[PDB]
Engineer: 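Before anything else, here's the structure in question.
FYI, side chains are in, hydrogens and waters are out, and symmetry mates aren't considered; it's all heavy atoms of this structure. Atoms within a ligand are numbered from 1 in the order they appear, just like the ligands themselves. Just so we're on the same page: letters track the sequence lines, and every chain starts at 1.
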2 protein chains.
Amino acid sequence: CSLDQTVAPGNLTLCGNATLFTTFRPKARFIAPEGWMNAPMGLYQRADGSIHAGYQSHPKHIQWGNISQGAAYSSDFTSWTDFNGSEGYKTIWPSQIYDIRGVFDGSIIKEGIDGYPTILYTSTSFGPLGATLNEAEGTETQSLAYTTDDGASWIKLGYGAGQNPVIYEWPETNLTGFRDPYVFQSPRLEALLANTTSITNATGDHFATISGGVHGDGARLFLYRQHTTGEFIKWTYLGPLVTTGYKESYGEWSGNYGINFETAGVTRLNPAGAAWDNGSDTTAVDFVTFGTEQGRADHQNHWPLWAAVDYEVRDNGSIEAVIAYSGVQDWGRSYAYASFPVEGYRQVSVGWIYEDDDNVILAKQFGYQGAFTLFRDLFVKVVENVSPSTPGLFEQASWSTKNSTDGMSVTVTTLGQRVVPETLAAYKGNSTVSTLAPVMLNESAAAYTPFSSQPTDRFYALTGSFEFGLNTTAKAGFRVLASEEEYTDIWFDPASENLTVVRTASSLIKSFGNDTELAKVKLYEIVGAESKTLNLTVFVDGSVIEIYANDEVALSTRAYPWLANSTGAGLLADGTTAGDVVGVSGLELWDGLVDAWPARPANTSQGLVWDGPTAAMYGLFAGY
Amino acid sequence: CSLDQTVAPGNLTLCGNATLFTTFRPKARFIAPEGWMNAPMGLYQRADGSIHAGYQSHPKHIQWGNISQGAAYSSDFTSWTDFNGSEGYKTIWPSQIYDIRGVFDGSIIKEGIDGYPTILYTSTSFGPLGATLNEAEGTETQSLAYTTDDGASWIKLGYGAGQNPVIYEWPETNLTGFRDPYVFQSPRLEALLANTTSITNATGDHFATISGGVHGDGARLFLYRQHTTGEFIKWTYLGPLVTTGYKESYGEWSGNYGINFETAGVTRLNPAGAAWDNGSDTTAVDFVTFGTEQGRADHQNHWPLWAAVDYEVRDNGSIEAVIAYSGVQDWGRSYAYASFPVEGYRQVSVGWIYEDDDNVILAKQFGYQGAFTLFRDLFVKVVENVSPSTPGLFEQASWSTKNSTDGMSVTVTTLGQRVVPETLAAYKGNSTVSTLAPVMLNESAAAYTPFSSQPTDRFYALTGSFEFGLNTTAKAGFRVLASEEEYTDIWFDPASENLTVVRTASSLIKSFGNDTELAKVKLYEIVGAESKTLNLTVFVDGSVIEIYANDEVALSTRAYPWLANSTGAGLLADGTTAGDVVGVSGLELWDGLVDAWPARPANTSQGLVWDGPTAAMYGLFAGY
Ligand SMILES: *[C@@H]1O[C@H](CO)[C@@H](O[C@@H]2O[C@H](CO)[C@@H](O[C@@H]3O[C@H](CO[C@H]4O[C@H](CO[C@H]5O[C@H](CO)[C@@H](O)[C@H](O)[C@@H]5O[C@H]5O[C@H](CO)[C@@H](O)[C@H](O)[C@@H]5O)[C@@H](O)[C@H](O[C@H]5O[C@H](CO)[C@@H](O)[C@H](O)[C@@H]5O)[C@@H]4O)[C@@H](O)[C@H](O[C@H]4O[C@H](CO)[C@@H](O)[C@H](O)[C@@H]4O[C@H]4O[C@H](CO)[C@@H](O)[C@H](O)[C@@H]4O[C@H]4O[C@H](CO)[C@@H](O)[C@H](O)[C@@H]4O)[C@@H]3O)[C@H](O)[C@H]2NC(C)=O)[C@H](O)[C@H]1NC(C)=O
Ligand SMILES: *[C@@H]1O[C@H](CO)[C@@H](O[C@@H]2O[C@H](CO)[C@@H](O[C@@H]3O[C@H](CO[C@H]4O[C@H](CO[C@H]5O[C@H](CO)[C@@H](O)[C@H](O)[C@@H]5O[C@H]5O[C@H](CO)[C@@H](O)[C@H](O)[C@@H]5O)[C@@H](O)[C@H](O[C@H]5O[C@H](CO)[C@@H](O)[C@H](O)[C@@H]5O)[C@@H]4O)[C@@H](O)[C@H](O[C@H]4O[C@H](CO)[C@@H](O)[C@H](O)[C@@H]4O[C@H]4O[C@H](CO)[C@@H](O)[C@H](O)[C@@H]4O[C@H]4O[C@H](CO)[C@@H](O)[C@H](O)[C@@H]4O)[C@@H]3O)[C@H](O)[C@H]2NC(C)=O)[C@H](O)[C@H]1NC(C)=O
Ligand SMILES: *[C@@H]1O[C@H](CO)[C@@H](O[C@@H]2O[C@H](CO)[C@@H](O[C@@H]3O[C@H](CO[C@H]4O[C@H](CO)[C@@H](O)[C@H](O[C@H]5O[C@H](CO)[C@@H](O)[C@H](O)[C@@H]5O)[C@@H]4O)[C@@H](O)[C@H](O[C@H]4O[C@H](CO)[C@@H](O)[C@H](O)[C@@H]4O[C@@H]4O[C@H](CO)[C@@H](O)[C@H](O)[C@@H]4O)[C@@H]3O)[C@H](O)[C@H]2NC(C)=O)[C@H](O)[C@H]1NC(C)=O
Ligand SMILES: *[C@@H]1O[C@H](CO)[C@@H](O[C@@H]2O[C@H](CO)[C@@H](O[C@@H]3O[C@H](CO[C@H]4O[C@H](CO)[C@@H](O)[C@H](O[C@H]5O[C@H](CO)[C@@H](O)[C@H](O)[C@@H]5O)[C@@H]4O)[C@@H](O)[C@H](O[C@H]4O[C@H](CO)[C@@H](O)[C@H](O)[C@@H]4O[C@@H]4O[C@H](CO)[C@@H](O)[C@H](O)[C@@H]4O)[C@@H]3O)[C@H](O)[C@H]2NC(C)=O)[C@H](O)[C@H]1NC(C)=O
Ligand SMILES: OC[C@H]1O[C@@](CO)(OC[C@@]2(OC[C@@]3(O[C@H]4O[C@H](CO)[C@@H](O)[C@H](O)[C@H]4O)O[C@H](CO)[C@@H](O)[C@@H]3O)O[C@H](CO)[C@@H](O)[C@@H]2O)[C@@H](O)[C@@H]1O
Ligand SMILES: OC[C@H]1O[C@@](CO)(OC[C@@]2(OC[C@@]3(O[C@H]4O[C@H](CO)[C@@H](O)[C@H](O)[C@H]4O)O[C@H](CO)[C@@H](O)[C@@H]3O)O[C@H](CO)[C@@H](O)[C@@H]2O)[C@@H](O)[C@@H]1O
Ligand SMILES: *[C@@H]1O[C@H](CO)[C@@H](O)[C@H](O)[C@H]1NC(C)=O
Ligand SMILES: *[C@@H]1O[C@H](CO)[C@@H](O)[C@H](O)[C@H]1NC(C)=O
Ligand SMILES: *[C@@H]1O[C@H](CO)[C@@H](O)[C@H](O)[C@H]1NC(C)=O
Ligand SMILES: *[C@@H]1O[C@H](CO)[C@@H](O)[C@H](O)[C@H]1NC(C)=O
Ligand SMILES: *[C@@H]1O[C@H](CO)[C@@H](O)[C@H](O)[C@H]1NC(C)=O
Ligand SMILES: *[C@@H]1O[C@H](CO)[C@@H](O)[C@H](O)[C@H]1NC(C)=O
Ligand SMILES: *[C@@H]1O[C@H](CO)[C@@H](O)[C@H](O)[C@H]1NC(C)=O
Ligand SMILES: *[C@@H]1O[C@H](CO)[C@@H](O)[C@H](O)[C@H]1NC(C)=O
Ligand SMILES: *[C@@H]1O[C@H](CO)[C@@H](O)[C@H](O)[C@H]1NC(C)=O
Ligand SMILES: *[C@@H]1O[C@H](CO)[C@@H](O)[C@H](O)[C@H]1NC(C)=O
């Protein structure tokens, strides 16, 4: 096997384990030291202000199995340090009959057992497990563990009656799934339920949702309430919080609700960030975020969605979250978004970006799979003075509209997402920053125009504001990871409202995915404006391309160019003329970003192992 | 609930957990501190000469489950000390996907991994498990662990390819079972296989049997050989060592071979004890000991058997053990005999005595279930100058006969069993010993004649030699645990050759078993003798009654009299007359025996617990 990146790639399947470890690997984001990772889990801000991040982990393997919590910490979301204990960077692992099949996703009770941070997680045991299988009660249960050393280790409650698992009875029959407990406090829900606590006897200050669905009848998010404040064993099922139909879609801007929910969370936001009011803040909005499965033909059958909801109290002392509008958290190769509270009235969200090697052709050669997204502040995005002639504005798809008294302008409300400012500041400050001159794209514009300053490697950020005419048919955007022979094109086409990532030339290596990514972006036209603007920011980090538009739309994807010089970037233009012009301004290149794992050497592989012939006998894990 | 043992028992099912802990509990033998125990395991003589004894254990429960190795040690087989570590008296427990369903029986490689004592044990995982179920490959595998601290703790090899489990492929299809690996060295088998090692490539100095069978086609003992000396991962299947038919019986003296073997072992003995010759000792005999299941209507469907075998070498480099004669290791409520080598050319055997509460009526009230038998030296019993007119002598059922040159006398050979002398010496020396006058049982004999000295509690031993006429129809024996209203009768009836334990009056508590126990005993008549003699020794230890006849026949059973004064003992006589007389001599009572667990308080209960509703969901363990 040749690793010569100045010539065409050979047959890379002949290369040894982890021989391509550094070739495509992100350096500026959260990623496991090696091996398989998936969903973020156990996220919390520790007492010292640092962030604890857990993740679903299978060290020394490149497929899922024996799933455990790997963990690390950071003071700024950006520069991280691994925990190191008796199980390396793992801090929770399968060890008991109730969780031996996997320590699945879980979330944090900050003041839990004996006052310590406490995780409620899905403990899995034997049997068919999956939304398309005939799962039985007991295969997925919910269990507790607590930490006396700020996440270096966790102590599980004992197995048995009145101990672990703490939630095991299915709340309804024929579930498609029963996992991913999300624990949260909610002055809002407490106020809504306060007149019904005699019906249920549940008066605790923590709520928990469990994600699932019902066979043949769509997804469900089940709401539990802690029975008594300061006691963590008894959780009382109230009722279904979110109920959607079998492969129901709210429309083109909203993905598809599939057959089963995963990793669902509940939050309340206002324009500044997290809102902890009881309903009295008229600017605050209740949101649910959730993954759905089997409602999508590609992207591992997974949609990471969100919905704004209006809560209604049922007669039996439960809550119906009625969906008001519904959107997409990320349109690309990401899933399993977890959100958590951060000091200063913030709610921060992070997800998992999977690879684009679904046939597992070069996974062993990588020696790892997966990374996180960047950490994102959630908030209510409010756009004032929106023109009523904005096309499709009153579909109110993934946004709400409020007319002015005179009917001449509209206020638009939707979910806002932006990269946490700590990361943007660290990235910019550690990079070589080039502030680029504005560019008018007209009849003289080439299809591709390289920036006047170029990246030096596969670790950079780009930003720009693209000003379009209101009736434009021109397209513009950014080309990244570019040489003559390999490149990835990020286009926005205002006439169709489509942001695309064209990957037909992303790599000479043909086994990686090359399908076109697509997001919908609504340019809310402002009253009196004779143009409409797209603010586009792109992070390039090894193989990750993570795109943000207007602090609203996110699209994560993957590109794996072979050639060492496929690092360039610049502007894309199509159909720009003397009359149909695209003005690009606020252009900036940040070359280098940050080394996110300063204590790690370049190659943190420990090799790969095979579980042997028993893996197929047990039938639980691939074994590699 | 009343614990008044001076009046009739009330409804004892109303009593709390462990309220009857001391009432019926053995004090002079190996028993767990509390809870459930079954099979002995991991038996070995440590480097300091002490004995390490493991056992199948489920603390704080009174039914089987989460099965683990509990352990203790002794310098003399008699006075024991518990290990105490992070898991109390447990030293191996379910902890990995491959053994999470139970750490089943295993045996010791004394010089194993890195020179340390090493256990090869059955590691169980999920799925139907049992001889009457449809078990699949992987549910029972065989795994290694080693100890660096003389049995205080064990370190398992890692899970995976080339590590644990080390034996997982079924050697034949449709097995009824695949467990209880018995590792042993054998100069005999090495010599027999030495000319065939090119066929198999297996040249190690350790052999291992695995116990099982084939659906519809009887039991099997599978023989493996360590592939290479000093290496413990690779074990090569040679072939079936013992093959018996579906519920085949060798006859009235031999139990029934059932459908599946459990806890099988292989040894070689001579008249003095263990034999380590290569075949050159003409006095040595090869033996297999084994449990069988589903060949018996009662006694938990279990026979603990043994067979003398003659080894034949197969063309494919394996061994057929052809059964020469076949007997019973214990005729009562015991099973799961394990044997192990002890210094001074000894092979020592010990089994598990279960309770007689098969409907689980008072198990919670006990707070424990099970004990060991006494430890027994195995040897070849040889009886010289046997008269050819001994009835049924040439059936050669569970013995062999060799005629003298002149045909006027016979040498009889069979398996000998006797209590280890360390235990007999300690028992006698710590007891109040009464040497009783000989008694002729004739026309004046009462049905029951109390001994001139009486026991003071339920912990004593009796011995006597009963001399019968060659054509007697009289019966005699011992009554034990006796008051006016409760008693247990041990009879021998030479005319039928039956040793019985009649338990119709054993207890006023009606929920315990009351069926009559039965053993066959052959009194080998000596040339020139005008009488035949039964040497009968009985140990009474709480509820255990353990009977030995002629250092050959063993019968363990249970009696649970309620009354505090049901402790007496004496002679039984039936049909003795002026002409048909039974002479009893060598009579001795040992009152008190030994406190086998001197560091333990009287009540070592830690209470009982319930696993909760998930026990029924997982379906593996009762949960209590
Ligand atoms: C099948 O069998 C399995 C094996 O038996 C079984 O698993 C075992 O289950 C039991 C029962 O649930 C578990 O026991 C619990 O353990 C908890 C602690 O767990 C952590 O620590 C242990 C032991 O720690 C040591 O040993 C290891 C090994 O050598 C070392 O690594 C450590 O350094 C440490 O060593 C020191 O201590 C040793 C002696 O113990 C010394 O020898 C040594 O020199 C050192 O000094 C670890 O083994 C655990 O690891 C395992 O589990 C983790 C996950 O948790 C895994 O990641 C890991 O891989 C291992 O599998 C773990 O790290 C105990 O806290 C717990 O005791 C509490 O609960 C019980 C009730 O259940 C009470 O009786 C008890 O009193 C305790 O409750 C009190 O305290 C807590 C807080 O401390 C309070 O919340 C509570 O309210 C209560 O308060 C009381 O006291 C207060 C203070 O005084 C007072 O204020 C209050 O008022 C009140 O009175 C319990 O002992 C055991 O860990 C499992 N073991 C394993 C290996 O899994 C399995 O379940 C069975 N399966 C089935 C299906 O049945
Ligand atoms: C799902 O995930 C699970 C979790 O990841 C996974 O289970 C884990 O599997 C791994 C991999 O198999 C296991 O790792 C092995 O561990 C062996 C030791 O195991 C014992 O000790 C550990 C750790 O001990 C400490 O930590 C605990 C907890 O705090 C304390 O209680 C102890 O006191 C002790 O603490 C000290 O050390 C800590 C740091 O480690 C310090 O922080 C602390 O301050 C103290 O100083 C225990 O956790 C184990 O307990 C568990 O298992 C037991 C049963 O074994 C249970 O009863 C218990 O409940 C727990 O479950 C246990 O007690 C290692 O020996 C082993 O490493 C050897 O093998 C690997 C290859 O596999 C080699 O890479 C490595 O080099 C070692 O091999 C060398 O050494 C041996 C002899 O020592 C030689 O035989 C060998 O040939 C080789 O020799 C080499 O070195 C020689 C010397 O230099 C040289 O001469 C030679 O030439 C040669 O070079 C390995 O690390 C891990 O234990 C499992 N953990 C658990 C919790 O189960 C599970 O499998 C996964 N499942 C699936 C389906 O995938
Ligand atoms: C003495 O020791 C015991 C341990 O053995 C210990 O714990 C008790 O253990 C017994 C079992 O021995 C448990 O009994 C079972 O209880 C089930 C119902 O339990 C519910 O109601 C109870 C009564 O109010 C509550 O106490 C329970 O609370 C505990 O558990 C919950 C979790 O559910 C936990 O949140 C709490 O904190 C408590 O820990 C609980 O709410 C019964 O379903 C079960 O019934 C079986 O057994 C009966 C008697 O044999 C039958 O009548 C039933 O039909 C059924 O048995 C059948 O058996 C067949 C054959 O196997 C099978 O095929 C059928 O399907 C069926 O199962 C049983 O009665 C008891 O709950 C438990 N108590 C606890 C934990 O508090 C004691 O605490 C200990 N005492 C002391 C003082 O220490
Ligand atoms: C690089 O990293 C790997 C870990 O990923 C590590 O270990 C190797 O891992 C691979 C899997 O990635 C193993 O491959 C499998 O091997 C099976 C046969 O193995 C036997 O032959 C080998 C070749 O001589 C031996 O090396 C093996 O020895 C080891 O294992 C034994 C225990 O059996 C142990 O005693 C020894 O000590 C060694 O540890 C062993 O004797 C194959 O059956 C298996 O085949 C599957 O995959 C193929 C390729 O995809 C297909 O062609 C097959 O059809 C089959 O896949 C199918 O998949 C579908 C879909 O899932 C399924 O439905 C079908 O049923 C079917 O399964 C596979 O090839 C490899 O054995 C293992 N090597 C080891 C442990 O040494 C490497 O060591 C590491 N390299 C380095 C240098 O570190
Ligand atoms: O680690 C468990 C936690 O992860 C979640 C959230 O993702 O559950 C994920 C889940 O499967 C993930 C898995 O499967 C996906 O990809 C497959 C191949 O394209 C596709 O067929 C599946 O429909 C899709 O779910 O991802 C990897 C491959 O990327 C694959 O090996 C995994 O199965 O994990 C559970 C058990 O595998 C599944 O039920 C579940 O969908 C969260 O819900 C869990 O807590
Ligand atoms: O601990 C596992 C090791 O023990 C052995 C040797 O005994 O396997 C025993 C075994 O079952 C023991 C068990 O069942 C017996 O009693 C039942 C009730 O009378 C009867 O129906 C069964 O046929 C008989 O096997 O004993 C207790 C009750 O005394 C009961 O709970 C147990 O099942 O353990 C395995 C799993 O339970 C069985 O497959 C096996 O027969 C040894 O072979 C194991 O290493
Ligand atoms: C990039 O590398 C390729 C292969 O070495 C080469 O053909 C090309 O000219 C290089 N330079 C570029 C794209 O500027
Ligand atoms: C409360 O009512 C809802 C709507 O009928 C139902 O789905 C839920 O199961 C009920 N909650 C209970 C029974 O706890
Ligand atoms: C909102 O404004 C638009 C444009 O003026 C108008 O068509 C629509 O009827 C208004 N809606 C309401 C509720 O007044
Ligand atoms: C570089 O990044 C580090 C780690 O995130 C950060 O702490 C530091 O402030 C950055 N340097 C700058 C902004 O000069
Ligand atoms: C824009 O995207 C939609 C999917 O939402 C698709 O149907 C349509 O064809 C696209 N149009 C163009 C011009 O890209
Ligand atoms: C034994 O105890 C019972 C009940 O207290 C009593 O009736 C009997 O007389 C006692 N004495 C004996 C058997 O010698
Ligand atoms: C050796 O021969 C015997 C008798 O045919 C057979 O049962 C056994 O499986 C053979 N051993 C092998 C194939 O290893
Ligand atoms: C053994 O001795 C008996 C009695 O003398 C005789 O009947 C029998 O035939 C003898 N057997 C042999 C093999 O000589
Ligand atoms: C009493 O028993 C102990 C423990 O088995 C033993 O060591 C001691 O020798 C015995 N006492 C005698 C024989 O006097
Ligand atoms: C002796 O035991 C056998 C069972 O081996 C039985 O068939 C026979 O009836 C018994 N006879 C007497 C008199 O007890």
Engineer: When you measure from the heavy atoms of A:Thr200 to every atom of ligand 8, does any distance fall below 4.0 Å?
Structural biologist: no
Engineer: Hey, is ligand 5 close enough to A:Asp105 that some N/O pair sits below 3.5 Å?
Structural biologist: yes
Engineer: If you measure from atom 37 (O) of ligand 5 to every heavy atom of A:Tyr337, A:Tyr55, A:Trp64, which option wins on shortest distance?
Structural biologist: A:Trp64
Engineer: Assess the side chains of A:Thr124 and A:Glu140: does a donor N or O sit below 3.5 Å from an acceptor N or O?
Structural biologist: no
Engineer: Less than 3.5 Å between some nitrogen or oxygen of A:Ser318 and one of ligand 8, yes or no?
Structural biologist: no
Engineer: Measure the distance from atom 3 (C) of ligand 8 to every protein heavy atom, then report the residue, atom name and distance (to 0.1 Å) of the closest one.
Structural biologist: A:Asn316 ND2, 3.6 Å
Engineer: Take atom CG in A:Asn316; do more than 12 heavy atoms of anything else shown fall under 6.0 Å from it?
Structural biologist: yes
Engineer: Does the protein place a non-hydrogen atom closer than 4.0 angstrom to atom 9 (O) of ligand 16?
Structural biologist: no
Engineer: What do you reckon, does A:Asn38 have a nitrogen or oxygen under 3.5 Å from a nitrogen or oxygen of ligand 5?
Structural biologist: yes
Engineer: Are any non-hydrogen side-chain atoms of A:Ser349 and A:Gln329 less than 4.5 angstrom apart?
Structural biologist: yes
Engineer: Please list the nearest protein heavy atom to atom 13 (C) of ligand 16 with its residue and the distance rounded to 0.1 Å.
Structural biologist: B:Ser496 CB, 3.5 Å
Engineer: Got an N/O contact under 3.5 Å between A:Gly239 and ligand 8?
Structural biologist: no
Engineer: Is the charged tip of A:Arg25 near the ring of A:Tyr368: under 6.0 Å from the six-membered ring centre and within 45° of its axis?
Structural biologist: yes
Engineer: Would you please determine whether A:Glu172 falls within less than 4.0 Å of ligand 8 on a heavy-atom basis?
Structural biologist: yes
Engineer: Could you tell me whether the side chain of A:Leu241 reaches within less than 4.5 Å of the side chain of A:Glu320, counting heavy atoms only?
Structural biologist: no
Engineer: Atom 44 (C) of ligand 5: which of A:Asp180, A:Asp298, A:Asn260 has the nearest heavy atom?
Structural biologist: A:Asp180
Engineer: Where is the nearest protein heavy atom to atom 4 (C) of ligand 16: which residue, which atom, and how far?
Structural biologist: B:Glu252 OE2, 3.6 Å
Engineer: Would you indicate which of A:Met37, A:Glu262, A:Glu355 comes nearest to atom 10 (C) of ligand 5 when only heavy atoms are counted?
Structural biologist: A:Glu262
Engineer: Side chain or backbone, does A:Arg179 bring an N or O within less than 3.5 Å of an N or O on ligand 5?
Structural biologist: yes
Engineer: Look at atom 7 (O) of ligand 8 and say which protein heavy atom is nearest, naming residue and atom and giving the distance to 0.1 Å.
Structural biologist: A:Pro240 CD, 3.2 Å
Engineer: Can you tell me the protein heavy atom closest to atom 14 (O) of ligand 16 and the distance?
Structural biologist: B:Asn498 ND2, 3.0 Å
